[PDB]
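Asker: File model15.cif below, mmCIF, N, CA, C and O atoms and all ligand atoms:
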```
data_my_file
#
loop_
_atom_site.label_atom_id
_atom_site.label_comp_id
_atom_site.auth_asym_id
_atom_site.auth_seq_id
_atom_site.Cartn_x
_atom_site.Cartn_y
_atom_site.Cartn_z
N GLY A 464 117.13 95.66 121.67
CA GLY A 464 117.23 97.07 121.37
C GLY A 464 115.91 97.66 120.89
O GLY A 464 114.94 96.93 120.68
N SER A 465 115.88 98.98 120.73
CA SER A 465 114.67 99.66 120.29
C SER A 465 114.94 101.14 120.06
O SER A 465 115.74 101.76 120.76
N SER A 466 114.26 101.71 119.06
CA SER A 466 114.43 103.12 118.73
C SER A 466 113.30 103.61 117.83
O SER A 466 112.82 102.87 116.97
N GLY A 467 112.88 104.85 118.03
CA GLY A 467 111.81 105.41 117.22
C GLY A 467 111.44 106.82 117.65
O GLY A 467 112.24 107.52 118.27
N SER A 468 110.22 107.23 117.32
CA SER A 468 109.74 108.56 117.68
C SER A 468 108.24 108.55 117.95
O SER A 468 107.44 108.20 117.08
N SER A 469 107.86 108.93 119.17
CA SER A 469 106.46 108.96 119.56
C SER A 469 105.85 110.33 119.30
O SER A 469 106.21 111.31 119.95
N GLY A 470 104.92 110.40 118.35
CA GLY A 470 104.28 111.66 118.03
C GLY A 470 104.88 112.32 116.80
O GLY A 470 106.04 112.06 116.45
N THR A 471 104.10 113.17 116.14
CA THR A 471 104.56 113.86 114.95
C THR A 471 103.56 114.92 114.51
O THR A 471 102.35 114.72 114.60
N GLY A 472 104.07 116.05 114.03
CA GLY A 472 103.20 117.12 113.58
C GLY A 472 102.45 116.77 112.31
O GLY A 472 103.02 116.19 111.38
N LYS A 473 101.17 117.12 112.27
CA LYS A 473 100.33 116.83 111.11
C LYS A 473 100.98 117.36 109.83
O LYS A 473 101.86 118.22 109.87
N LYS A 474 100.54 116.83 108.69
CA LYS A 474 101.08 117.25 107.40
C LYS A 474 99.97 117.37 106.36
O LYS A 474 98.88 116.81 106.52
N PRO A 475 100.25 118.11 105.28
CA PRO A 475 99.28 118.31 104.19
C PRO A 475 99.04 117.04 103.38
O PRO A 475 97.93 116.80 102.91
N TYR A 476 100.08 116.24 103.23
CA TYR A 476 99.98 114.99 102.48
C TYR A 476 100.79 113.88 103.15
O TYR A 476 101.92 114.09 103.56
N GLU A 477 100.18 112.70 103.25
CA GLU A 477 100.84 111.56 103.87
C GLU A 477 100.29 110.25 103.31
O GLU A 477 99.13 109.91 103.52
N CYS A 478 101.14 109.51 102.60
CA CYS A 478 100.75 108.24 102.02
C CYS A 478 100.11 107.33 103.07
O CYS A 478 100.53 107.31 104.22
N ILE A 479 99.10 106.58 102.65
CA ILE A 479 98.41 105.67 103.56
C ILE A 479 98.82 104.22 103.31
O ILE A 479 98.78 103.39 104.21
N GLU A 480 99.23 103.93 102.07
CA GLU A 480 99.65 102.59 101.70
C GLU A 480 100.76 102.09 102.63
O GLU A 480 100.77 100.93 103.04
N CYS A 481 101.68 102.99 102.97
CA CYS A 481 102.79 102.64 103.85
C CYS A 481 102.88 103.61 105.03
O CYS A 481 103.18 103.22 106.15
N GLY A 482 102.61 104.89 104.75
CA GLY A 482 102.66 105.89 105.80
C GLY A 482 103.61 107.02 105.47
O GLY A 482 103.96 107.83 106.33
N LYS A 483 104.04 107.08 104.21
CA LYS A 483 104.97 108.12 103.77
C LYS A 483 104.45 109.51 104.14
O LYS A 483 103.25 109.69 104.35
N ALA A 484 105.36 110.47 104.22
CA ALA A 484 104.99 111.84 104.57
C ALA A 484 105.56 112.83 103.56
O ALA A 484 106.65 112.64 103.03
N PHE A 485 104.81 113.90 103.30
CA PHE A 485 105.25 114.92 102.35
C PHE A 485 104.72 116.30 102.76
O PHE A 485 103.97 116.43 103.73
N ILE A 486 105.13 117.32 102.02
CA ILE A 486 104.70 118.69 102.30
C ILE A 486 103.88 119.26 101.15
O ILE A 486 103.06 120.15 101.35
N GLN A 487 104.10 118.73 99.96
CA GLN A 487 103.38 119.18 98.77
C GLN A 487 102.52 118.06 98.20
O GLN A 487 102.66 116.90 98.57
N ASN A 488 101.63 118.42 97.27
CA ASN A 488 100.75 117.44 96.64
C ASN A 488 101.53 116.56 95.68
O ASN A 488 101.51 115.33 95.79
N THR A 489 102.21 117.18 94.72
CA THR A 489 102.99 116.45 93.73
C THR A 489 103.98 115.51 94.40
O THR A 489 104.28 114.44 93.88
N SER A 490 104.48 115.91 95.57
CA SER A 490 105.43 115.10 96.31
C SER A 490 104.80 113.79 96.76
O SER A 490 105.49 112.79 96.95
N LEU A 491 103.49 113.81 96.95
CA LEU A 491 102.76 112.62 97.38
C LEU A 491 102.47 111.70 96.20
O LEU A 491 102.82 110.52 96.23
N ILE A 492 101.84 112.24 95.17
CA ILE A 492 101.51 111.46 93.98
C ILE A 492 102.74 110.75 93.43
O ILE A 492 102.65 109.61 92.96
N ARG A 493 103.88 111.41 93.50
CA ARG A 493 105.13 110.84 93.02
C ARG A 493 105.37 109.46 93.62
O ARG A 493 105.40 108.45 92.91
N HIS A 494 105.53 109.41 94.94
CA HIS A 494 105.76 108.15 95.64
C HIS A 494 104.70 107.12 95.27
O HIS A 494 104.98 105.92 95.20
N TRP A 495 103.48 107.59 95.03
CA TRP A 495 102.37 106.71 94.66
C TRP A 495 102.64 106.03 93.33
O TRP A 495 102.26 104.88 93.12
N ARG A 496 103.30 106.75 92.42
CA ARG A 496 103.61 106.22 91.10
C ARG A 496 105.12 106.15 90.89
O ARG A 496 105.61 106.37 89.78
N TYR A 497 105.85 105.85 91.96
CA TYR A 497 107.30 105.75 91.89
C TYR A 497 107.79 104.39 92.36
O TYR A 497 108.63 103.76 91.72
N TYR A 498 107.25 103.93 93.49
CA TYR A 498 107.62 102.64 94.05
C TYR A 498 106.42 101.71 94.12
O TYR A 498 106.51 100.53 93.79
N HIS A 499 105.28 102.25 94.55
CA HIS A 499 104.06 101.47 94.67
C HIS A 499 103.63 100.93 93.31
O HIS A 499 103.74 99.73 93.04
N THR A 500 103.13 101.82 92.45
CA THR A 500 102.69 101.43 91.12
C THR A 500 103.78 101.66 90.08
O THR A 500 103.50 101.85 88.90
N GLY A 501 105.03 101.65 90.53
CA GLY A 501 106.15 101.86 89.63
C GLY A 501 106.87 100.57 89.29
O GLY A 501 106.24 99.58 88.93
N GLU A 502 108.19 100.59 89.41
CA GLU A 502 109.00 99.41 89.11
C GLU A 502 108.98 98.42 90.27
O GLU A 502 108.88 98.82 91.43
N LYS A 503 109.06 97.14 89.95
CA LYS A 503 109.05 96.09 90.96
C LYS A 503 107.85 96.24 91.89
O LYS A 503 107.98 96.65 93.05
N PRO A 504 106.66 95.91 91.38
CA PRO A 504 105.41 96.01 92.14
C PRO A 504 105.33 94.96 93.25
O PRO A 504 104.76 95.21 94.31
N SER A 505 105.92 93.79 93.00
CA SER A 505 105.91 92.71 93.97
C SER A 505 107.30 92.50 94.57
O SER A 505 108.16 91.86 93.96
N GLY A 506 107.52 93.06 95.75
CA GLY A 506 108.81 92.92 96.41
C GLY A 506 108.74 93.26 97.89
O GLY A 506 108.80 92.39 98.75
N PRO A 507 108.62 94.56 98.19
CA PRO A 507 108.55 95.04 99.58
C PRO A 507 107.24 94.66 100.26
O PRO A 507 106.18 94.70 99.64
N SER A 508 107.32 94.30 101.53
CA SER A 508 106.15 93.91 102.29
C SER A 508 105.95 94.82 103.50
O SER A 508 105.39 94.42 104.52
N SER A 509 106.40 96.07 103.37
CA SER A 509 106.28 97.04 104.44
C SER A 509 104.83 97.16 104.90
O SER A 509 103.91 96.73 104.21
N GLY A 510 104.63 97.76 106.08
CA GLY A 510 103.29 97.92 106.61
C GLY A 510 102.69 99.26 106.24
O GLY A 510 101.54 99.52 106.61
ZN ZN A 601 103.38 104.56 100.22
#
```
Would you encode the structure as structure tokens?
Answerer:
Amino acid sequence: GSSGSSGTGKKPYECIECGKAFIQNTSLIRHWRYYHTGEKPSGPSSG
């Protein structure tokens, strides 16, 4: 099987550590200090 999406409209903020996407600035910093540098630092091995 297989499924996904080829292409995507640019955005103002988009995490690079994993590739997260956002529309606002605060929305970006959050994820940065929510899961990445937040609780359980050693767990997920996403790309
Ligand atoms: Zn991230």
Asker: Residues contacting ligand ZN 601 (chain A) - anything with an atom at most 12 Å away, using only C-alpha atoms and all ligand atoms - can you give me those as a VMD selection string?
Answerer: chain A and resid 476 to 485 490 to 501 504 507 to 510
Asker: Enumerate the residues of chain A with a DSSP assignment of alpha helix (DSSP H), computed from the backbone, and present them as a ChimeraX atom specification.
Answerer: /A:488-494
Asker: Could you dump the residues just selected with N, CA, C and O atoms as an mmCIF file, keeping the file's coordinate frame?
Answerer:
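Wrote result00.cif, looks like this:
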```cif
data_model
loop_
_atom_site.group_PDB
_atom_site.id
_atom_site.type_symbol
_atom_site.label_atom_id
_atom_site.label_comp_id
_atom_site.auth_asym_id
_atom_site.auth_seq_id
_atom_site.Cartn_x
_atom_site.Cartn_y
_atom_site.Cartn_z
ATOM 1 N N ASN A 488 101.630 118.420 97.270
ATOM 2 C CA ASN A 488 100.750 117.440 96.640
ATOM 3 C C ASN A 488 101.530 116.560 95.680
ATOM 4 O O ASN A 488 101.510 115.330 95.790
ATOM 5 N N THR A 489 102.210 117.180 94.720
ATOM 6 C CA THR A 489 102.990 116.450 93.730
ATOM 7 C C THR A 489 103.980 115.510 94.400
ATOM 8 O O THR A 489 104.280 114.440 93.880
ATOM 9 N N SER A 490 104.480 115.910 95.570
ATOM 10 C CA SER A 490 105.430 115.100 96.310
ATOM 11 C C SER A 490 104.800 113.790 96.760
ATOM 12 O O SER A 490 105.490 112.790 96.950
ATOM 13 N N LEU A 491 103.490 113.810 96.950
ATOM 14 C CA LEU A 491 102.760 112.620 97.380
ATOM 15 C C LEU A 491 102.470 111.700 96.200
ATOM 16 O O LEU A 491 102.820 110.520 96.230
ATOM 17 N N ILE A 492 101.840 112.240 95.170
ATOM 18 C CA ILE A 492 101.510 111.460 93.980
ATOM 19 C C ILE A 492 102.740 110.750 93.430
ATOM 20 O O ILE A 492 102.650 109.610 92.960
ATOM 21 N N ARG A 493 103.880 111.410 93.500
ATOM 22 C CA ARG A 493 105.130 110.840 93.020
ATOM 23 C C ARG A 493 105.370 109.460 93.620
ATOM 24 O O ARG A 493 105.400 108.450 92.910
ATOM 25 N N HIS A 494 105.530 109.410 94.940
ATOM 26 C CA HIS A 494 105.760 108.150 95.640
ATOM 27 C C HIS A 494 104.700 107.120 95.270
ATOM 28 O O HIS A 494 104.980 105.920 95.200
#
```
Asker: Report, in Å with one decimal, the straight-line distance from atom C of residue 489 (chain A) to CA of residue 473 (chain A).
Answerer: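 Interatomic distance here is 17.2 Å.
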Asker: Rounded to one decimal, what separation in Å do you get between atom O of residue 487 (chain A) and atom N of residue 474 (chain A)?
Answerer: 10.3 Å
Asker: What separation in Å, quoted to one decimal, exists between atom N of residue 466 (chain A) and atom O of residue 506 (chain A)?
Answerer: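 Computing it gives 23.0 Å between the two atoms.
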